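Notes follow the structure.
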Amino acid sequence: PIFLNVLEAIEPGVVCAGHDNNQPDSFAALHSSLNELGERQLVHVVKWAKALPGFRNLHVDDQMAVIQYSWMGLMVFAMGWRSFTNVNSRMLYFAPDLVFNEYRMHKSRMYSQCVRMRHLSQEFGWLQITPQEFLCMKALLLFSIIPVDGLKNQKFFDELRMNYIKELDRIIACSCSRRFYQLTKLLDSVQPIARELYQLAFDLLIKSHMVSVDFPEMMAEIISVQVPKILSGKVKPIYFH
Ligand SMILES: C[C@]12CCC(=O)C[C@@H]1CC[C@@H]1[C@@H]2CC[C@]2(C)[C@@H](O)CC[C@@H]12
């Protein structure tokens, strides 16, 4: 069971937001802690992706491109898993120190996005997603969004992604047809959610820049340099259906 040994071995542990839960829930304080949490999780996503079977086959620039396009889908998918297992999804478990209740969903001004994220979370229960299935699905998310113009070595990407699909099929097989349909439909459903949060993240970065409040450095760079390629359609998700 080589492949699964690796995914479970490299899975990131707890990541705290740094949030001061004793100060009031303002828009500013909630988003400052969300953004800091993003910066911190980005570190772990980079280290996780580089340790994935086959990932270093990819040209070095494609390695960074793929991380820099898929991070939102990956982080939302993982957050949904955390929510499912820790508060069974009527709250959002961004981090142990940053759990969103309904009030925080409203004061962050992202209630409707949180409602979709909460729906994604609950699907882990509706579909009875196993830990092995979650891990394989999350790895596939890294290979599920690319420039329409292709990567520097697209061929290696296409083969690696093929191999991760084969692994997803393996864990299922180890009816199977309905299960693969269900899981590929779930995967496809992550991307519209990611896109909404990408739009949100971009809009807030412009607005906070207007009033001279800075995002953490990597978040500011990815949201100003890479996210707009997604919002403008130069980078697109790869769907199953
Ligand atoms: C990825 C994060 C942080 C990590 C996580 O668990 C999911 C969550 C999804 C919303 C993102 C947030 C990082 C900061 C963002 C991008 C804010 O700018 C607006 C939307 C937030």
Side-chain angles (χ1 to χ4, degrees), residues 11-45 48 70-129 131 134-135 137-138 141 186-209 211 213-220 222-223 227 230-231:
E11 181 68 7
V14 172
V15 170
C16 287
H19 183 67
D20 178 5
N21 283 281
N22 253 33
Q23 52 146 332
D25 294 317
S26 62
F27 181 87
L30 293 172
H31 283 270
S32 170
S33 292
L34 283 168
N35 285 325
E36 175 59 28
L37 177 62
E39 189 93 343
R40 282 165 185 208
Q41 299 205 354
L42 219 59
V43 181
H44 290 266
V45 167
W48 167 84
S70 64
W71 58 277
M72 177 76 76
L74 292 161
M75 273 176 211
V76 169
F77 200 70
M79 189 272 290
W81 184 258
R82 286 197 297 282
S83 299
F84 166 62
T85 53
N86 277 83
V87 296
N88 197 267
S89 320
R90 181 119 204 132
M91 266 163 318
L92 284 178
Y93 200 90
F94 289 105
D97 54 343
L98 192 65
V99 179
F100 271 36
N101 49 24
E102 285 246 345
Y103 183 74
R104 284 168 167 189
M105 279 171 195
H106 173 260
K107 279 222 87 81
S108 64
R109 303 185 194 144
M110 57 199 259
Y111 195 102
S112 58
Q113 295 88 346
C114 289
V115 159
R116 307 192 57 192
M117 280 181 295
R118 186 167 73 226
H119 291 156
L120 170 67
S121 183
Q122 298 177 275
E123 291 261 26
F124 291 109
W126 294 135
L127 298 167
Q128 273 138 75
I129 303 298
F134 163 76
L135 287 176
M137 269 184 298
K138 183 158 69 61
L141 275 180
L186 176 57
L187 284 169
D188 283 356
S189 78
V190 179
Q191 295 305 334
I193 299 180
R195 180 156 215 288
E196 286 192 327
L197 295 156
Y198 275 141
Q199 187 67 61
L200 182 63
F202 173 85
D203 284 352
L204 303 192
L205 177 77
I206 302 305
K207 288 305 157 263
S208 90
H209 184 251
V211 307
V213 141
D214 320 316
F215 277 45
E217 95 157 50
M218 274 159 84
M219 296 286 287
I222 288 180
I223 296 169
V227 178
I230 298 185
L231 301 175

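Position 1 is the first residue of the sequence, and the numbers go up from there.
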Only distances under 3.5 Å count here; give the side-chain donor-acceptor pairs of residues 75-87 to other protein atoms, sequence neighbours excluded, each with its distance to 0.1 Å.
| residue | atom | partner | partner atom | Å |
| --- | --- | --- | --- | --- |
| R82 | NE | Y93 | O | 3.1 |
| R82 | NE | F94 | O | 3.3 |
| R82 | NH2 | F94 | O | 2.8 |
| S83 | OG | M79 | O | 3.0 |
| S83 | OG | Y93 | N | 2.8 |
| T85 | OG1 | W81 | O | 3.2 |
| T85 | OG1 | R82 | O | 3.3 |

Contact check, side chains of [X] and [Y], non-hydrogen atoms, under 4.5 Å:
| X | Y | value |
| --- | --- | --- |
| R195 | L231 | yes |
| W48 | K138 | yes |
| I230 | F202 | no |
| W126 | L186 | no |

*List the steps, then state whether side chain to side chain contact (heavy atoms under 4.5 Å, CB included) holds for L205 with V227.*
CA-CA 11 Å; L205 177 77; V227 178; over 6 Å; no

Going from [atom1] on [X] to [atom2] on [Y], what distance comes out if it is rounded to the nearest 0.5 angstrom?
| X | Y | atom1 | atom2 | result |
| --- | --- | --- | --- | --- |
| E123 | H119 | CD | NE2 | 9.5 Å |
| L127 | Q122 | CG | CD | 11.5 Å |
| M117 | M105 | CE | CE | 8.0 Å |
| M72 | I223 | CE | CD1 | 6.5 Å |
| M110 | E196 | CE | CD | 10.5 Å |
| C16 | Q41 | SG | CD | 10.5 Å |

*Not counting sequence neighbours, which residues clear salt bridge (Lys or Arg N to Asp or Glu O under 4.0 Å) with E36? List them please.*
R40

If every non-hydrogen atom of [X] is compared with every non-hydrogen atom of [Y], which pair is closest and at what distance?
| X | Y | answer |
| --- | --- | --- |
| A17 | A95 | N-CB, 3.8 Å |
| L141 | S70 | O-CB, 3.5 Å |
| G38 | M219 | C-SD, 3.7 Å |
| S26 | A29 | OG-N, 3.2 Å |

*Could you check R104, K107, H106, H19 and say which one makes a side chain to side chain donor-acceptor pair (under 3.5 Å) with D25?*
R104

*Considering residues at least two apart in sequence or located in another chain, which fulfil the side chain to side chain donor-acceptor pair (under 3.5 Å) criterion with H31?*
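If we apply the side chain to side chain donor-acceptor pair (under 3.5 Å) test to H31, skipping adjacent residues, there are no hits.
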
Using modelled atom types and a 3.5 Å cut-off, is there a donor and acceptor pairing between side-chain atoms of [X] and backbone atoms of [Y]?
| X | Y | result |
| --- | --- | --- |
| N21 | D97 | yes |
| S33 | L30 | no |
| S32 | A28 | no |

*asked:* Does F134 form a side chain to side chain contact (heavy atoms under 4.5 Å, CB included) with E11? I'd like the steps, not just the answer.
replied: CA-CA 11 Å; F134 163 76; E11 181 68 7; 3.9 Å; yes

*Where do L204 and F27 land on the side chain to side chain contact (heavy atoms under 4.5 Å, CB included) test, with the steps shown first?*
CA-CA 11 Å; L204 303 192; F27 181 87; 4.2 Å; yes

*Go through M137 and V190 one step at a time and tell me if the side chain to side chain contact (heavy atoms under 4.5 Å, CB included) criterion holds.*
CA-CA 11 Å; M137 269 184 298; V190 179; over 6 Å; no

*Should we say atom CD of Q23 is surrounded by more than 12 heavy atoms from elsewhere, each under 6.0 Å from it?*
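Yes - once you tally the heavy atoms of other residues, nucleotides and ligands closer than 6.0 Å, there are more than 12.
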
*How about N35 and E39: does a side-chain donor come under 3.5 Å of a side-chain acceptor?*
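No - no donor-acceptor pair under 3.5 Å links their side chains.
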
